[PDB]
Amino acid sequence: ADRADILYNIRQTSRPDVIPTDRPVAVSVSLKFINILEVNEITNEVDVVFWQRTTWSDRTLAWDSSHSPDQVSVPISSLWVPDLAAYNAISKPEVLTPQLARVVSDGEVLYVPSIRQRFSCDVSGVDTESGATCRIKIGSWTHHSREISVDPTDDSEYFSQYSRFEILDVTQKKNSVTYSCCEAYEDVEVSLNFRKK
C-alpha cells in the first residue's frame, strides 16, 4: 500500500459529517500565540494570531502500516473535524494556512491551523507591569460533553519579536458552559497574560 491507497481507503471509511464516537470523542486543544496585532482598551477587543493545535482519534481511519507509510497529510474536507468555535470571537476565524491534517495509521489526527481572529476579552492592565488577562474560550459549537470532551495539553517560543506586546504567561484550563437556549458543552479557557513592551 502506497500514499494513494491510504488516501483511497480513508475516503472509503471516513464519514466527514459523523462524529466517530458509549463515550465522548476526546479532543485536545492547545494555542501557541504568534502575534497580538491590535488592542482596544475602550472596546475590550484584541486581534491575535495563534496556531490551534487540535488532536483526536478516529479509529475508522486506521490502516495496517507494517508495509506502508504510517502517516499522511489529508485535506480536512476528507475527515471528520471537531466543530470547535471560539465562544468570545467577534470575527470569523481567518485560517492563514493550508487546511490539511496529518492522519497516523492508528487513527490519531493532528490539525494545526494558523488563525487570525478578533476577540471580546478583558484588556484592562495591558499598559501596566502585570499586564492584561485575555481569556479565549474554545469548545464544540453543537456537541455536548457526552459527545465531545475538550482537554488542554515555553509560551513565547513562536511569538513574534516584532509585536508591540509581549507574553508574560499562558494558562489553559478545562471548563463547562450550560446556556438555557441549548446540556453542558466543554471548553478550554486559554488565559493570555500580555502587556505592551
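Note that residue numbering follows the sequence shown and begins at 1.
**Student:** Going by the record, give me the number of deposited-sequence residues missing between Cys182 and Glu183 as none, 1 to 3, 4 to 9, or 10 or more.
**Tutor:** Unresolved stretch here: 1 to 3 residues.
**Student:** So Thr153 and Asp154 are neighbours in the shown sequence, but is anything from the deposited sequence left out between them? Give the count as none, 1 to 3, 4 to 9, or 10 or more.
**Tutor:** In the deposited sequence, 4 to 9 residues between these two have no coordinates.
**Student:** On mean Cα temperature factor in this entry, is 106-114 or 78-86 the higher one?
**Tutor:** Stretch with the greater average CA B-factor: 106-114.
**Student:** Mean C-alpha B factor from the entry: is it higher for 122-130 or for 97-105?
**Tutor:** 97-105 has the higher mean C-alpha B-factor.
**Student:** Whose CA atom has the top B-factor in the entry, of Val27, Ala62, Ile34, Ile167?
**Tutor:** Checking the PDB record, the top C-alpha B-factor among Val27, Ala62, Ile34, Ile167 is at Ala62.
**Student:** Lowest, middle or highest third: which one holds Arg195 when the chain's residues are ordered by CA B-factor from the entry?
**Tutor:** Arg195: CA B-factor falls in the lowest third of its chain.
**Student:** Please place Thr54 in the lowest, middle or highest third of its chain according to the CA B-factor in the PDB entry.
**Tutor:** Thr54: CA B-factor falls in the middle third of its chain.
**Student:** Which third, lowest, middle or highest, does the CA B-factor of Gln161 fall in along this chain?
**Tutor:** Middle third - that is where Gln161 ends up once the chain's C-alpha B-factors are sorted.
**Student:** Grab the CA temperature factor for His144 from the record and place it in the lowest, middle or highest third of its chain.
**Tutor:** It falls in the middle third of the chain.
**Student:** With respect to C-alpha B-factor, does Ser66 fall in the lowest, middle or highest third of the chain as deposited?
**Tutor:** Tercile = highest for this residue's CA B-factor.
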